[PDB]
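Q:
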Amino acid sequence: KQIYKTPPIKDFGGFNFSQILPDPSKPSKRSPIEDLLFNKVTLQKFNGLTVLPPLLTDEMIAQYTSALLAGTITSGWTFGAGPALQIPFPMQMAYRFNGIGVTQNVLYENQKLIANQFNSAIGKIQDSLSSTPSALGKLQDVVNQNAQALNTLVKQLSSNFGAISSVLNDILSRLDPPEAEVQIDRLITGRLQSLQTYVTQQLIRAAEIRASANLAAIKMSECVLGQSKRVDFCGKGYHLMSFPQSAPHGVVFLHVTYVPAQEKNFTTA
Amino acid sequence: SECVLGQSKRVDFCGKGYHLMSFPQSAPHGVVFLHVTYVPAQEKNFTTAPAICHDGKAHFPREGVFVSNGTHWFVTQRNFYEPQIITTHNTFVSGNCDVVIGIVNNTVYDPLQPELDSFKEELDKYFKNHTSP
Amino acid sequence: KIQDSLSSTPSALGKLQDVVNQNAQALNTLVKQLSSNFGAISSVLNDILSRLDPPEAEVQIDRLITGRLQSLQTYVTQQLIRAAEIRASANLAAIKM
Amino acid sequence: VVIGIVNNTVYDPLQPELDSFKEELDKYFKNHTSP
Amino acid sequence: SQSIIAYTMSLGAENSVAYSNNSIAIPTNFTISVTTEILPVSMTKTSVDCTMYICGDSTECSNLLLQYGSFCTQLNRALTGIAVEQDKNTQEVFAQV
Ligand SMILES: *[C@@H]1O[C@H](CO)[C@@H](O[C@@H]2O[C@H](CO)[C@@H](O[C@H]3O[C@H](CO)[C@@H](O)[C@H](O)[C@@H]3O)[C@H](O)[C@H]2NC(C)=O)[C@H](O)[C@H]1NC(C)=O
Ligand SMILES: *[C@@H]1O[C@H](CO)[C@@H](O[C@@H]2O[C@H](CO)[C@@H](O[C@H]3O[C@H](CO)[C@@H](O)[C@H](O)[C@@H]3O)[C@H](O)[C@H]2NC(C)=O)[C@H](O)[C@H]1NC(C)=O
Ligand SMILES: *[C@@H]1O[C@H](CO)[C@@H](O[C@@H]2O[C@H](CO)[C@@H](O[C@H]3O[C@H](CO)[C@@H](O)[C@H](O)[C@@H]3O)[C@H](O)[C@H]2NC(C)=O)[C@H](O)[C@H]1NC(C)=O
Ligand SMILES: *[C@@H]1O[C@H](CO)[C@@H](O[C@@H]2O[C@H](CO)[C@@H](O[C@H]3O[C@H](CO)[C@@H](O)[C@H](O)[C@@H]3O)[C@H](O)[C@H]2NC(C)=O)[C@H](O)[C@H]1NC(C)=O
Ligand SMILES: *[C@@H]1O[C@H](CO[C@@H]2O[C@@H](C)[C@@H](O)[C@@H](O)[C@@H]2O)[C@@H](O[C@@H]2O[C@H](CO)[C@@H](O)[C@H](O)[C@H]2NC(C)=O)[C@H](O)[C@H]1NC(C)=O
Ligand SMILES: *[C@@H]1O[C@H](CO[C@@H]2O[C@@H](C)[C@@H](O)[C@@H](O)[C@@H]2O)[C@@H](O[C@@H]2O[C@H](CO)[C@@H](O)[C@H](O)[C@H]2NC(C)=O)[C@H](O)[C@H]1NC(C)=O
Ligand SMILES: *[C@@H]1O[C@H](CO)[C@@H](O)[C@H](O)[C@H]1NC(C)=O
Ligand SMILES: *[C@@H]1O[C@H](CO)[C@@H](O)[C@H](O)[C@H]1NC(C)=O
Ligand SMILES: *[C@@H]1O[C@H](CO)[C@@H](O)[C@H](O)[C@H]1NC(C)=O
Ligand SMILES: *[C@@H]1O[C@H](CO)[C@@H](O)[C@H](O)[C@H]1NC(C)=O
């Protein structure tokens, strides 16, 4: 309910966030990865089929996501639970390591290496998103389903449904007021059945879109605003933190996870 | 199940903030919960340091964070102000002081140190007394 | 004890038995629906084709076409709803795993 | 009662702190016997 | 003095924060607050007699209805399933002890 604003200084102890924090040069406060997201996604009226505009505009959604990101990177998890309290980033990350059960001296002994690995990982996902297009199928599919349903609904007006002509003006112009009634009933029944089918499918689709938005809400609350102990919930492996990013008709998370790498055999008691 | 029969660590699940407990209540065709939550209220700015180097070694807090008002250094809980004297039980030693970026100079006290100093003074007094007879 | 208990009563696995039985019952009713007249003079298309001249034969077929199309739509809608609950249980199972 | 316990010594951080004090006390006693 | 106005909605009260690399804020006092939450658990049971509704107390309309197969049986089964599900919901939510 408060829009925290990022500090002008970018001294985070070596960590680099330029690729997730919005860039003022663009007319909209849209980050670079966000721009890749909207570029990948490729987002009737005459028959009464109208489309309405959303209440929350894309700029306001960007304002929300930027406020969330700034609050996280400045204050840890406190801003979701109470009054926001500032804390150094090099201490917040040590708090996360204490959370995952690794003692805090590791950060103070490996800060530069961890920062370099973090930045390299961000660069890797930058490249992966700029390269592959099969990632955004989970959104392109919903767009395609909606377009296909509307297209078939339009196309349905061309069928006879048992009448002598598919055009309401032709039949009304060729037949008098008496026998036209027989042909006009079949058209009404057929088109009414088509509308019923379309509405029912829309009801089911909307229910699933809502179930996904509720899962997304729980993930946001439990991953971004704090640290989650659940296994394989906020990304595979040992969780540290997360970053939300907007996208057309959706949201994209960048889970940051800790994974052990190099083991050795020992003798125990 | 997750709120009434126990305590849930999930953020913003059993009420907004730091959860403590809950109460169910009946209603027509439904249920109503009375979430009871803890929220911090009044904050103050302080000066901090990631580690403390006293005998050429880096000390780190076992529990709490290093805090100072400008003249003396203490450890405090995360969510409530409660200063305490820097002692051995509060800190654990690991590594050297060079790798810690932003380490801050200060002394570190040992609670065993004055207990041993009291016995040393008693022993010195006893030694001095032993020369009297 | 668990092995003995599972080997004793059959009321435990009703959760999976119902998943089988609902599908079997629905498809069985779908088959049964082919025997109704739906307002026609016969339930067998071959007979309506063999009898009558080409024009009227098709008219009776339409009554049959409308009825059977309605039956198919009903079956498909019920399947869509059932699939959603099976997937909701599958998501719960994945989270528990 | 524990299965597979393995023999080894267990060390004390207080033990050398008292051992150094005991050695200092012994040296002080030796010094005190000198005059 | 009252009129309909139009304005760009405010996202919220703007609040800048003072980040620094060596300062922390630690709370010294707290409040205990209690907040309510409301969830529906069930809805009213309802059963509709198919033949009564469609052909109230008329033998001719009953006979004409008999041509349409098992639609009435399907509707009765569906509504009975909903009715049982409601009691299942109340049992699950409340009977935990
Ligand atoms: C944080 O990461 C940023 C993303 O990599 C990085 O910005 C990048 O900086 C380099 C070097 O300044 C730019 O590379 C270009 O730099 C100059 C610009 O005139 C050219 O002469 C070079 O030949 C090269 O083309 C990247 O373009 C730039 N990338 C982006 C997205 O801005 C920051 O420098 C990093 N900051 C810190 C403090 O680590
Ligand atoms: C920062 O916190 C320090 C510890 O809380 C505090 O030092 C303490 O200051 C008080 C005085 O306010 C001292 O109390 C003693 O003061 C006089 C000194 O002669 C005595 O006569 C009194 O009876 C009383 O014992 C504490 O002894 C002292 N403690 C320590 C460890 O130094 C600082 O004053 C605080 N500074 C700021 C700027 O807040
Ligand atoms: C906190 O106490 C530390 C312990 O003394 C102190 O470290 C000391 O720092 C000085 C200043 O550099 C060193 O003095 C040496 O400096 C250079 C080495 O780069 C030499 O050329 C000089 O001749 C001189 O020998 C001390 O050696 C060093 N002491 C130890 C034990 O390492 C910190 O500086 C203190 N904290 C602050 C903020 O000053
Ligand atoms: C680690 O140290 C243990 C402590 O000494 C030691 O236990 C000792 O084991 C020997 C071997 O059995 C015992 O010796 C006695 O064994 C039987 C008793 O069952 C008698 O018939 C023998 O004549 C002999 O007296 C010691 O008594 C026993 N020590 C104690 C204090 O009970 C372990 O064996 C050591 N670990 C390993 C791997 O050897
Ligand atoms: C850890 O050791 C296993 C094998 O156990 C070893 O057994 C002895 C030889 C001795 O060295 C013990 O201390 C060891 O614990 C390794 O598993 C083997 O790996 C090799 C390939 O590296 C493979 O050919 C073998 O088939 C593996 N063993 C089996 C039983 O399949 C394992 O690689 C060691 N871990 C590391 C990190 O080196
Ligand atoms: C905690 O500090 C912030 C800002 O830091 C302060 O900066 C100097 C003025 C100096 O006093 C430092 O020791 C402080 O830490 C305070 O936020 C400011 O609040 C005042 C009014 O309360 C407001 O006019 C300023 O604009 C605020 N600063 C910014 C950057 O917006 C904050 O109030 C301090 N907390 C407490 C409890 O006093
Ligand atoms: C904090 O940043 C200032 C510059 O803004 C720098 O001079 C100082 O060394 C930094 N301190 C730490 C502990 O990083
Ligand atoms: C010194 O030792 C004697 C015993 O030898 C004892 O009686 C006396 O109280 C001691 N004096 C002091 C000051 O401890
Ligand atoms: C481990 O197994 C070996 C045999 O494979 C046995 O000799 C030994 O006692 C066992 N040790 C433990 C601690 O179980
Ligand atoms: C022994 O005691 C005397 C006290 O007269 C002191 O001057 C001297 O330094 C002591 N020697 C040692 C080695 O402690």
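Just so you know, the sequences run in chain order E, P, C, S and H. Read in order, the letters of the first sequence are residues 786 to 828, 853 to 1078 in the entry's author numbering. Everything in the second sequence is counted per the entry's author numbering, starting at 1030 for the first residue and increasing by one. Everything in the third sequence is counted per the entry's author numbering, starting at 933 for the first residue and increasing by one. Everything in the fourth sequence is counted per the entry's author numbering, starting at 1128 for the first residue and increasing by one. Everything in the fifth sequence is counted per the entry's author numbering, starting at 689 for the first residue and increasing by one. Cβ atoms here follow ideal geometry from the backbone N, Cα and C, with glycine treated the same way.
According to DSSP, simplified to helix, strand and coil, what is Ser1123 (chain P)?
A: Taking the first residue of the second sequence as 1, we reach residue 1123 (chain P) at position 94. Reduced to three states, the DSSP call for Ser1123 (chain P) is strand.
Q: Would you list the residues whose beta-carbon is nearer than 7 Å to any heavy atom of ligand 6, in the order they occur in the chain?
A: Answer in sequence order: P:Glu1072, P:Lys1073, P:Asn1074, H:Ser704, H:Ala706, H:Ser711, H:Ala713.
Q: Under DSSP, the alpha helix (DSSP H) around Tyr1067 (chain P) begins and ends at which residues?
A: Translated into positions along the second sequence, residue 1067 (chain P) becomes position 38. Looking at the DSSP string, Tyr1067 (chain P) is not in any alpha helix (DSSP H); the run it does join, the beta strand (DSSP E), is 1059-1077.
Q: Nearest chain E C-beta to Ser750 (chain H) closer than 8 Å, yes or no?
A: By one-based count along the fifth sequence, residue 750 (chain H) stands at place 62. Chain E contact via Cβ: absent.
Q: Taking Cβ to Cβ, would you say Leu753 (chain H) is nearer than 8 Å to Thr732 (chain H)?
A: For the purposes of this step, residue 753 (chain H) is identified with residue 65 of the fifth sequence, where counting begins at 1. For the purposes of this step, residue 732 (chain H) is identified with residue 44 of the fifth sequence, where counting begins at 1. Not closer than 8 Å, so no.
Q: Would you say the beta carbon of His1058 (chain E) is closer than 7 Å to some non-hydrogen atom of ligand 2?
A: Counted from its first residue, the first sequence places residue 1058 (chain E) at position 249. Outside the cutoff, so no.
Q: Rounded to the nearest angstrom, what separates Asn1135 (chain P) and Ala1078 (chain P) at their Cα positions?
A: Within the second sequence, numbered from 1, the residue matching residue 1135 (chain P) stands at position 106. Within the second sequence, numbered from 1, the residue matching residue 1078 (chain P) stands at position 49. Roughly 11 Å separates the two Cα atoms.
Q: What alpha helix (DSSP H) runs, 4 residues minimum, are completely inside the segment 1077-1116 of chain P?
A: Correct list: empty.
Q: With a cut-off of 8 Å, do at least 3 Cβ pairs link the segment 1033-1041 of chain P to the segment 883-894 of chain E?
A: With a cut-off of 8 Å, the segment 883-894 of chain E and the segment 1033-1041 of chain P count as touching, because enough Cβ pairs lie within range.
Q: For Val976 (chain E), collect the residues of the same chain with a Cβ closer than 6 Å to its Cβ; drop the 5 residues on either side in sequence, then sort them by chain order.
A: Counted from its first residue, the first sequence places residue 976 (chain E) at position 167. Cβ within range, chain order: n/a, list empty.
Q: Per the contact definition of three or more C-beta pairs closer than 8 Å, is the segment 1075-1095 of chain P in contact with the segment 1111-1128 of chain P?
A: Flag = yes, the segment 1111-1128 of chain P and the segment 1075-1095 of chain P touch.
Q: Which chain E residues sit within Cβ distance under 7 Å of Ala783 (chain H)?
A: Position 95 of the fifth sequence, counted from the first residue, corresponds to residue 783 (chain H). In chain order: nothing, as chain E lies at least about 26 Å away.
Q: For chain H, is any of its Cβ atoms less than 8 Å away from the one on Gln992 (chain C)?
A: Within the third sequence, numbered from 1, the residue matching residue 992 (chain C) stands at position 60. No - not a single Cβ of chain H is within 8 Å of the one on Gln992 (chain C).
Q: Using a C-beta to C-beta distance shorter than 8 Å, which residues of chain S count as neighbours of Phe1156 (chain P)?
A: Residue mapping note: residue 1156 (chain P) aligns to position 127 of the second sequence, counting from 1. Those are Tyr1155, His1159, listed as they occur along chain S.
Q: Using a C-beta to C-beta distance shorter than 7 Å, which residues of chain E count as neighbours of residue 909 (chain C)?
A: No information on residue 909 (chain C) is available, as it lies outside the stretch 933 to 1029 that chain C covers here.
Q: Assuming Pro1053 (chain E) contacts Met1029 (chain E) under a Cβ cut-off of 8 Å, what Cβ separation, rounded to an integer in Å, is found between them?
A: Taking the first residue of the first sequence as position 1, residue 1053 (chain E) is located at position 244. Taking the first residue of the first sequence as position 1, residue 1029 (chain E) is located at position 220. Contact holds; Cβ gap of about 7 Å.
Q: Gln913 (chain E) touches chain P at which residues, Cβ-Cβ below 7 Å?
A: One-based indexing of the first sequence puts residue 913 (chain E) at position 104. Within 7 Å Cβ-Cβ: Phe1089.
Q: Assign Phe1062 (chain P) to buried or exposed, taking buried as 16 or more other Cβ atoms, counted over all protein chains shown, within 10 Å of its Cβ.
A: As a working mapping, residue 1062 (chain P) is identified with position 33 in the second sequence. Under this definition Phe1062 (chain P) is a buried residue.
Q: Sort out for me which residues DSSP pairs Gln787 (chain E) with in a bridge.
A: Within the first sequence, residue 787 (chain E) is the residue found at index 2, counting from 1. Answer is H:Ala701, bridged to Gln787 (chain E).
Q: Is it buried or exposed, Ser816 (chain E), if we count other Cβ atoms within 10 angstroms and call 16 or more buried?
A: Numbered from its first residue, the first sequence carries residue 816 (chain E) at position 31. Per the 10 Å Cβ criterion, buried.
Q: Evaluate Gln965 (chain C) with the Cβ neighbour count: other Cβ atoms within 10 Å of its Cβ, from every protein chain shown; 16 or more gives buried, anything less gives exposed.
A: Residue numbering aside, residue 965 (chain C) sits at position 33 when the third sequence is read from its first letter. The residue in question, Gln965 (chain C), is buried, as its Cβ has 16 or more Cβ neighbours within 10 Å.
Q: Distance, Cα to Cα, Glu748 (chain H) vs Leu962 (chain E)?
A: Locating residue 748 (chain H) in the fifth sequence gives position 60, counting from the first residue. Locating residue 962 (chain E) in the first sequence gives position 153, counting from the first residue. For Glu748 (chain H) and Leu962 (chain E), the distance between alpha carbons rounds to 39 Å.
Q: Taking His1048 (chain E) as part of the alpha helix (DSSP H), name the residues at either end of that continuous run.
A: The residue you call residue 1048 (chain E) lines up with position 239 of the first sequence. Careful: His1048 (chain E) lies outside any alpha helix (DSSP H), inside the beta strand (DSSP E) at 1047-1050.
Q: Determine which residues of the segment 1034-1050 of chain P have a Cβ less than 9 Å from any Cβ of chain E, and write them out in chain order.
A: The residues in question are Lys1038, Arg1039, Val1040, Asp1041, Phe1042, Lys1045, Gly1046, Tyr1047.
Q: Roughly how many whole angstroms lie between the Cα atoms of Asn751 (chain H) and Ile742 (chain H)?
A: Counting from one through the fifth sequence, the residue named residue 751 (chain H) turns up at place 63. Counting from one through the fifth sequence, the residue named residue 742 (chain H) turns up at place 54. Going by the C-alpha atoms only, they are around 12 Å apart.
Q: Kindly indicate which three-state DSSP category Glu988 (chain C) falls into: helix, strand or coil?
A: By 1-based counting over the third sequence, the position of residue 988 (chain C) is 56. Here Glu988 (chain C) sits in helix by DSSP.
Q: Given 7 Å as the limit, tell me if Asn1134 (chain P) has its C-beta closer than that to any heavy atom belonging to ligand 3.
A: The residue given as residue 1134 (chain P) occupies position 105 in the second sequence. Indeed, a heavy atom of ligand 3 lies less than 7 Å from the Cβ.
Q: May I have the straight-line CA-CA distance separating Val991 (chain E) from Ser1003 (chain E), to the nearest angstrom?
A: The residue given as residue 991 (chain E) occupies position 182 in the first sequence. The residue given as residue 1003 (chain E) occupies position 194 in the first sequence. One C-alpha to the other measures close to 19 Å.
Q: Quick test of your reading: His1064 (chain P) and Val729 (chain H), contact by CB under 8 Å. State the CB separation rounded to the nearest angstrom.
A: As a working mapping, residue 1064 (chain P) is identified with position 35 in the second sequence. As a working mapping, residue 729 (chain H) is identified with position 41 in the fifth sequence. Contact flag wrong, Cβ pair sits at about 17 Å.
Q: Tell me whether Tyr707 (chain H) is buried or exposed, calling it buried when 16 or more other Cβ atoms sit within 10 Å of its Cβ.
A: What you label residue 707 (chain H) is simply residue 19 of the fifth sequence in a count that begins at 1. With 16 or more other Cβ atoms within 10 Å, it is buried.
Q: Terminal residues of the continuous alpha helix (DSSP H) containing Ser929 (chain E)?
A: In the first sequence, the residue the question calls residue 929 (chain E) occupies position 120. Here the alpha helix (DSSP H) through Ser929 (chain E) covers 914-940.
Q: Show which residues of chain C have a CB atom less than 7 Å away from the CB atom of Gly757 (chain H).
A: Taking the fifth sequence and counting its residues from 1, the one referred to as residue 757 (chain H) is at position 69. Chain C residues near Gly757 (chain H): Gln965, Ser968.
Q: I'd like to confirm something about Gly799 (chain E): is its beta-carbon nearer than 7 Å to some heavy atom of ligand 7, or not?
A: For the purposes of this step, residue 799 (chain E) is taken as the residue at position 14 of the first sequence. Because no heavy atom of ligand 7 lies under 7 Å away, the Cβ of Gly799 (chain E) does not count as near it: no.
Q: Check whether the Cβ of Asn1119 (chain P) lies closer than 7 Å to any heavy atom of ligand 2, and answer yes or no.
A: Stepping through the second sequence from its first residue, residue 1119 (chain P) is reached at position 90. No; taking the cut-off as 7 Å, the Cβ of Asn1119 (chain P) has no heavy atom of ligand 2 nearer than that.
Q: Give the DSSP-derived three-state secondary structure of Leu865 (chain E) in the structure shown.
A: Along the first sequence, one-based indexing puts residue 865 (chain E) at 56. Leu865 (chain E) falls in the coil class under three-state DSSP.
Q: Would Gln901 (chain E) be called buried (16 or more neighbouring beta carbons within 10 Å of its own) or exposed?
A: By one-based count along the first sequence, residue 901 (chain E) stands at place 92. Classification of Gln901 (chain E): buried, given that the 10 Å Cβ count is 16 or more.
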